[PDB]
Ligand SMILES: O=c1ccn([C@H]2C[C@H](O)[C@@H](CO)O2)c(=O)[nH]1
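Shown below, as structure tokens, is a lone chain in the form deposited without this ligand; questions about how it binds or moves come after it.
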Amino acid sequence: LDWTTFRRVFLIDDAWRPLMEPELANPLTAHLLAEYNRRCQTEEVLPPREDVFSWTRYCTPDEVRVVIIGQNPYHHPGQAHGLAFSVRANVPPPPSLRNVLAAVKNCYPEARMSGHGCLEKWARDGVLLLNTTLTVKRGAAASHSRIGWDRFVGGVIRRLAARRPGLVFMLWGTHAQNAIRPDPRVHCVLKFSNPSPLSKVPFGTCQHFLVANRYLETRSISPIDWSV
């Protein structure tokens, strides 16, 4: 597994090399990539290839201030673009994203919200929106959850966390909470129910956005402007 080749294939930004290159030495990464490629040859896999690692482009590893974990990408064309929860700018926010934006609006009654659900602005500001499974077969939710992305992604998050003391993690729902278990004494770990529409627990009362900024300030880190 060669870094230059891998980087070129997925248009990965090079600032992430120290965090991702080590993952290429894990024998299981080769298996993951061969299976991902096998899937792309036999299915309409989403998001498009050039977007699978869009999260490496919006900000560098040292700019990450908050990590929000997702599960699987949207499986309808035109929705997913490589970031957890986010959808392309011309797509009315699906239920889970609508729920997240509503909590944001409840936390910040004055925020000037655009009404769209493209979280590129958050990503550029260092809010890492990462799915534990990066791809999916069109029309079949979570269809790629067993191909190996979760270990690769978890590895990257682990290296990022060791490199960076003081991160805020927002772990929403069971799956997110089981996949990433950051040292609570080194990082601010915030848990909540799932913004997924299947949850019968309202996501609207989530105050993580406010809690996160108070934490960042105690660590002399600039707060996040959550408007979007």
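So that there is no doubt, residue numbering starts at 1 and follows the sequence shown.
Below, we refer to the form solved in complex with this ligand, which is not included among the displayed structures.
With the partner left out here, this ligand still marks one of 148 to 156, 107 to 115, 83 to 91, 120 to 128 in the deposited bound form; by a 4.5 Å heavy atom cut-off that stretch is 83 to 91.
With the partner removed from view, the residue among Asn37, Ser196, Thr174, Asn26 that has a non-hydrogen atom within 4.5 Å of this ligand in the deposited bound form turns out to be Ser196. For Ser143, no non-hydrogen atom is located within 4.5 Å of this ligand in the deposited bound form, even though that partner is not displayed. The closest heavy atom approach of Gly70 to this ligand in the deposited bound form falls within 4.5 Å. Contact check for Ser96: a non-hydrogen atom falls within 4.5 Å of this ligand in the deposited bound form. In the deposited bound form, not one residue of 25 to 40 has a heavy atom within 4.5 Å of this ligand.
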